[PDB]
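What follows draws every value from the coordinates through simple rules; no lab data is involved. Heads up, the Cβs are rebuilt from the backbone with ideal geometry, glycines too, and the neighbour counts pull from every protein chain shown.
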Amino acid sequence: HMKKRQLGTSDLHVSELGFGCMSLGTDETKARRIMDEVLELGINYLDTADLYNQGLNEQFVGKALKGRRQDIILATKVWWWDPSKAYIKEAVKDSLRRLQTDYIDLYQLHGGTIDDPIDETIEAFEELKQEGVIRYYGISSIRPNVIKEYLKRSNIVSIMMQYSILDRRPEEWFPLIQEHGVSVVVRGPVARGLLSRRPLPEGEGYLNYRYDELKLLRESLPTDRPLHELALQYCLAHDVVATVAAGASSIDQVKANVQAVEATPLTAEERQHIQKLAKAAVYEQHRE
Ligand SMILES: OC[C@H]1O[C@@](CO)(O[C@H]2O[C@H](CO)[C@@H](O)[C@H](O)[C@H]2O)[C@@H](O)[C@@H]1O
Ligand code: NA
């Protein structure tokens with residue numbers, strides 16, 4: 001019942017819910033148990049990169065892939081900052097060794113800026129792709145100047161962005177991304193718990209929302225779906241979004257995310273109501 005979407009123009013067909021950001025823990029047996037359940041739910045997209053400062057243990061994920069690697073789409077990212085070709089090419093070797101596999105499906109640049117050596121970076125990814133060490137590459141960025149450079153100059157297939165009802169800054173860039181045949185991978189779709197059952201911490205805001213505005217918005221949003229489901233479905237209602245990496249701290253939370261993603265898509269009345277009710281901010285920094 002887990003649907004898939006094409007990632008950009010690539011041959012990667014990713015589950016609409018992806019898995020990432022878990023302390024799979026200290027015990028291998030239980031980590032493998034968690035992974036078996038993730039895959040049983042029809043999730044086929046595993047991103048080992050840190051999201052909100054938690055990644056996936058590559059040694060454990062490697063052991064979970066045993067016997068089924070061909071059916072899983074594996075993503076990773078690229079201490080001493082060294083922005084060279086040689087660094088990008090050497091970093092992926094480490095992940096491959098830990099993962100006990102010989103290719104990565106999607107290799108993603110984190111920490112990019114417009115002052116980086118952009119041709120060198122693109123060349124490193126293209127050389128890895130031509131050699132088959134990776135199948136495709138992408139970036140993780142909320143900087144429009146970085147995004148525009150890689151859309152114009154490279155063959156990225158994906159951009160990972162923080163995106164939710166409460167952070168609609170990405171939407172400005174969706175037409176440009178889609179015109180280039182690129183997809184968005186979403187992080188933070190539940191706004192780190194602000195679009196769930198957890199209390200809004202008193203007095204605290206979120207981006208350009210004050211506390212009182214978060215309270216009013218929770219209450220004014222449609223109530224015929226749980227808020228968590230409305231949040232995930234709002235992200236998915238945009239064709240540019242290929243997959244959402246929602247946070248989880250347990251198998252029960254993964255199962256809740258799966259149930260929400262497999263719910264009925266938003267209609268027009270629903271998506272429009274949300275667009276009108278929620279702020280539509282833009283990025284202030286790194287625009288050009
Ligand atoms: O204030 C003008 C205009 O800005 C919006 C943008 O969403 O609200 C921002 O400004 C308010 C007044 O300073 C803040 O209370 C609010 O937190 C902030 O987002 C609009 O709501 C408002 O019309
Ligand atoms: Na614009």
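From the cross-link list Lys77/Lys129; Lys63/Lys93; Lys3/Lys77, which pairs have alpha carbons spaced over 20 Å apart?
Over 20 Å Cα-Cα: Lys3/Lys77.
What is the range 1-103 by shape, rounded, prolate or oblate, if you read a ≥ b ≥ c off the alpha carbon gyration tensor as root eigenvalues and call it rounded for a/c under 1.5, prolate for a/b larger than b/c, and oblate otherwise?
oblate
If packing is taken as the average number of other Cβ atoms within 10 Å across a peptide's residues, how do 255-267, 12-24 rank, most packed first?
Per-residue Cβ counts within 10 Å, averaged per peptide and sorted highest first, yield 12-24, 255-267.
Tell me which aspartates and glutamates have Cα within less than 13 Å of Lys255's Cα, excluding those fewer than 8 residues away on the same chain?
Here the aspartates and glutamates satisfying the reach criterion relative to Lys255 are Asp36, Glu37, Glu40, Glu229.
Rounded, prolate or oblate, given the Cα gyration tensor of the chain, with a/c below 1.5 counting as rounded?
oblate
Can you give me the Cα centroid spacing of the range 77-102 and the range 169-197 in angstrom?
27
Using Cα centres only, tell me the gap between the range 17-54 and the range 236-288 in whole Å.
Cα centroid of the range 17-54 versus Cα centroid of the range 236-288: 20 Å apart.
Run the numbers on the range 203-288 and let me know its relative contact order in percent, using alpha-carbon pairs under 8 Å that are six or more apart.
Once normalised by length, the contact order is 33 percent.
Could you order the peptides 2-10, 160-168 from most to least packed, using the average number of other C-beta atoms within 10 Å per residue?
160-168, 2-10
For labels at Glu126 and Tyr211 in the simple 7 Å Cα→Cβ model, what's the distance in nm?
Taking the simple label geometry, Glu126 and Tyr211 are separated by 5.3 nm.
In what order do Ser196, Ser183 fall by count of nearby beta-carbon atoms within 10 Å, going from fewest to most?
So the ranking, lowest neighbour count to highest, is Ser196, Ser183.
How much of the DSSP bridge set in the range 1-279 is antiparallel, in percent, rounded to the nearest 5?
The antiparallel fraction comes to roughly 20 percent.
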